[PDB]
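Undergrad: Pasting in a structure now, in structure tokens, and then I'll have a few things to ask.
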Amino acid sequence: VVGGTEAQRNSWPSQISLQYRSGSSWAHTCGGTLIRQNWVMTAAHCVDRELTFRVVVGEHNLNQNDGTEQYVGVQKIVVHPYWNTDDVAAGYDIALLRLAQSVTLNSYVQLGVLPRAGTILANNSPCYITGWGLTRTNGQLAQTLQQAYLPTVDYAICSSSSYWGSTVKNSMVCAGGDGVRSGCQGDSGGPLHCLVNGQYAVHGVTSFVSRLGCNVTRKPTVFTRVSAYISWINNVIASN
Ligand SMILES: [Ca+2]
């Protein structure tokens, strides 16, 4: 997250760190949203590599023990069947992970609430992106969970030529593009939390940024629109 501020420890309890094993260690690679005690919602592109993944819930500082983390293997990966790795612009960048065990819920570990099916945010709706991703374009991961206020940029505005053009679909949500604050590598797969009727809901799964860089004016961060996948999600979880 470029231009963020450190999150308070109990602000975003459904945020997870998706990590892959590298030798003796584990490396953070993406965010995710805990949606059931044994299910995590992340971006399909986070799990294209044939890696060994684990999810850490209750995580705050990647580099220190917080006394609040729980670590769980990933037991099954269900990517959206229409997902095409060389075509993130086509969308369907979403995946569900069934965890090998059900995690315990407490103040640091809660399920993320999802929007009702088809809900579209009005332009400039208030949202926060969260994650441990790069803090500067071509920078480094954050140690502590970062958050950044990113107002949505509606589809009409987002798909217009000065912004993302045909690259953005109505299956996506755009937010930010102020040239200061944005998602950045390592944030993919995590939540875009937006305030609606007084409650935060995870409206977006962080998908991509401009090849030009993370915080680029008129290239707002792009997310998979969770509200277009509600049946899919329930369908997957119901059959597994
Ligand atoms: Ca930690």
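Residue numbering in chain A adheres to Swiss-Prot, whereby the residues present occupy positions 27-266 in order.
Per deposition record, X-ray crystallography, 1.9 Å.
Cβ coordinates come from backbone N, Cα and C, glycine included.
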Undergrad: Which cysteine out of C72, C210, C220 is the one Swiss-Prot pairs with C153 in a disulfide?
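TA: Partner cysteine, according to Swiss-Prot: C220.
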Undergrad: Taking the recorded Ca(2+) site as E85, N87, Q90, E95, identify the other residues of that chain whose CB atom sits within 8 Å of the mean position of the site's CB atoms, giving them in sequence order.
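TA: Once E85, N87, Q90, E95 are set aside, the remaining close residues are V82, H86, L88, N89, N91, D92, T94.
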Undergrad: When DSSP is mapped onto helix/strand/coil, what comes out for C240 (disulfide bond)?
TA: coil
Undergrad: Would you mind reading off the Cα separation of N87 (Ca(2+) binding site) from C240 (disulfide bond), to the nearest angstrom?
TA: 22
